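Per full-length UniProt numbering, the sequence shown starts with residue 4, numbered consecutively.
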Amino acid sequence: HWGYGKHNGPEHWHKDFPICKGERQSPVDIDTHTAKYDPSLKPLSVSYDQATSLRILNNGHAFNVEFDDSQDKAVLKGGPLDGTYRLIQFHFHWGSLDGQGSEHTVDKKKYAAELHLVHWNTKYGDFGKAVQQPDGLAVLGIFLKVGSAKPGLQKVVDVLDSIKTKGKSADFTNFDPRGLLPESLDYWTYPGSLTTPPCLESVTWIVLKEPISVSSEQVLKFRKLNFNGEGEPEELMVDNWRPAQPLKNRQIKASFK
Ligand SMILES: [Zn+2]
């Protein structure tokens, strides 16, 4: 099956998932000099006050912190978006070293990790339906750099020992995703795809300009997770990022000058 190894990584995905070579794939390099300020973009609206987290799961390619998306409780709207998008889960991509890990890059710069807060368009009723639509998902992407600790991440870091291996889940209630946001909501936006198979081209990407800082100890604990199941040979869950894909016929817009 697909993964991030030598024999099943991103360069192989297209054999089972042809859309992975499509016209609007993600991530991309964000060339800050060619991105265009678009004064028509509205401010982003992140409304996470009533967010209800439920669970954290190691699914063999990352860990997802999952939310109750059965009501409008944690929603993204505004910016480039029409209508309302509900938070379903967040996860990260990270490296084996601090010098890599992000999926998007900024003038070719790779960050140590990248956070994806995944939201689906309520006009489609559920995530499964939404993910098949060209405007079905909105993903807020946030870069992580290593420096000072992010206090709001620590509760995530501390539960990772309980979900070391693929298929393990743990109760994870009352986690507040607002503690993962930077100060500024300035962003770049472009139309793209899931960055994991099936690579569906259903995503409005909203990538924040301001990274959050996490500590070396925090990211080190990400790197102790396993891609494998319990009782299978240990392979550390590191470098679970897809590299930048060709921009092709797209323009990245900036919300800021
Ligand atoms: Zn992701």
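Idealized CB from N, CA, C, for every residue including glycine.
*Just to confirm, does residue 176 get its C-beta within under 7 Å of one of the non-hydrogen atoms of ligand 1?*
Position 173 of the sequence shown holds residue 176. Short note on residue 176: C-beta not closer than 7 Å to any heavy atom of ligand 1.
*asked:* For residue 163 and residue 115, which I take to be in contact (beta-carbon distance under 8 Å), what is that distance rounded to the nearest angstrom?
replied: Translated into positions along the sequence shown, residue 163 becomes position 160. Translated into positions along the sequence shown, residue 115 becomes position 112. At roughly 16 Å, the Cβ-Cβ gap does not stay under 8 Å, so residue 163 and residue 115 are not in contact.
*Inter-stretch contact at 8 Å, needing at least 3 Cβ pairs: the segment 62-78 / the segment 201-221*: Result no; under three Cβ-Cβ pairs closer than 8 Å.
*ligand 1 site residues, beta-carbon cut 6 Å against heavy atoms*: Result: 94, 96, 119 and 198.
*Report the option in 168, 126 and 62 whose CA atom is closest to the CA atom of residue 137.*
Taking the sequence shown and counting its residues from 1, the one referred to as residue 137 is at position 134. Nearest of 168, 126 and 62 to residue 137, Cα basis: 126.
*List the endpoints of the continuous beta strand (DSSP E) containing residue 174.*
The residue labelled residue 174 in the question sits at position 171 within the sequence shown. DSSP places residue 174 in the uninterrupted beta strand (DSSP E) bounded by 172-174.
*Secondary structure, beta strand (DSSP E): runs of 3+ residues fully inside the segment 126-175*: Here the runs fully enclosed are 140-149 and 172-174.
*Assuming residue 195 and residue 58 make a contact with CB atoms under 8 Å, what is their CB distance in whole Å?*
As a working mapping, residue 195 is identified with position 192 in the sequence shown. As a working mapping, residue 58 is identified with position 55 in the sequence shown. With a Cβ gap of about 27 Å, residue 195 and residue 58 do not count as contacting.
_Identity of the residue in 251, 240, 192 and 217 nearest residue 45 by Cα_ = Translated into positions along the sequence shown, residue 45 becomes position 42. If you compare the alpha carbons of 251, 240, 192 and 217 with that of residue 45, the shortest gap goes to 192.
*Where the beta strand (DSSP E) containing residue 259 begins and where it ends*: Here residue 259 refers to the residue found at position 256 when the sequence shown is read from its first residue. Segment: none, residue 259 is in no beta strand (DSSP E) and carries neither H nor E.
*asked:* If distances are taken between C-alpha atoms only, which option among 74, 29 and 60 comes closest to residue 252?
replied: On the sequence shown, position 249 is the one that residue 252 refers to. Out of 74, 29 and 60, 29 has the C-alpha closest to the C-alpha of residue 252.
*Based on the DSSP output, what are the partners of residue 182 in its beta bridges?*
As a first step, residue 182 must be located in the sequence shown, where it is residue number 179. Paired residue(s): none; residue 182 is not in a bridge.
*Write down the C-beta distance between residue 187 and residue 213 rounded to the nearest angstrom, noting that I regard them as a contact closer than 8 Å.*
As a working note, residue 187 is residue 184 in the sequence shown. As a working note, residue 213 is residue 210 in the sequence shown. With a Cβ gap of about 5 Å, residue 187 and residue 213 count as contacting.
_Only counting the same chain, and skipping five residues up and downstream in sequence, which positions put a Cβ closer than 7 Å to that of residue 240?_
For this step, residue 240 is matched to residue 237 along the sequence shown. Taken in chain order, the residues that qualify are 228, 229 and 230.
*asked:* The alpha helix (DSSP H) that contains residue 219, what's its start and end?
replied: By one-based count along the sequence shown, residue 219 stands at place 216. Where residue 219 is concerned, the enclosing alpha helix (DSSP H) stretches over 219-225.
*Contact the segment 32-48 vs the segment 100-116: 3+ CB pairs below 8 Å*: yes
*Residues bridged to residue 211 [DSSP beta-bridge criterion]*: As a working mapping, residue 211 is identified with position 208 in the sequence shown. Beta-bridge pairing links residue 211 to 190.
*Whole-angstrom Cβ separation of residue 250 and residue 215, contact assumed at under 8 Å?*
Along the sequence shown, read from residue 1 onward, the residue named residue 250 stands at position 247. Along the sequence shown, read from residue 1 onward, the residue named residue 215 stands at position 212. No, residue 250 and residue 215 are not in contact; Cβ-Cβ is about 25 Å, not under 8 Å.
*Among 21, 90, 105 and 130, which residue has its Cα nearest to the Cα of residue 181?*
Translated into positions along the sequence shown, residue 181 becomes position 178. For the residues 21, 90, 105 and 130, the minimum Cα distance to residue 181 belongs to 90.
*Near residue 99, what residues of its chain come up, given a Cβ to Cβ distance below 6 Å and the 5 sequence neighbours on each side ignored?*
Reading the sequence shown from its first residue, position 96 is the one you call residue 99. 241 and 242, listed in sequence order.
*Residue environment, residue 10, which counts as buried when at least 16 other CB atoms sit within 10 Å*: The residue given as residue 10 occupies position 7 in the sequence shown. Residue 10 should be labelled exposed.
_Contacting residues, own chain, Cβ-Cβ under 7 Å from residue 102 (five flanking each side not counted)_ = Start at 1 with the first residue of the sequence shown, and residue 102 comes out as number 99. Closer than 7 Å at the Cβ level, and outside the excluded window around residue 102, lie 113.
*Looking only at its own chain, which residues have a Cβ that is under 8 Å from the Cβ of residue 85, when we skip the five neighbours before and after it?*
Within the sequence shown, residue 85 is the residue found at index 82, counting from 1. Cβ within range, chain order: 138.
_Could you give the first and the last residue of the continuous beta strand (DSSP E) run that contains residue 97?_
Residue mapping note: residue 97 aligns to position 94 of the sequence shown, counting from 1. Note, residue 97: beta strand (DSSP E), 88-97.
*Check the DSSP bridge columns for residue 108 and list the partner residues they point to.*
Position 105 of the sequence shown, counted from the first residue, corresponds to residue 108. Note: residue 108 sits in a beta bridge opposite 32.
*May I ask you to list the residues that DSSP assigns as paired with residue 117?*
If you number the sequence shown from 1, residue 117 lands on position 114. 96 and 146, per the DSSP bridge assignment.
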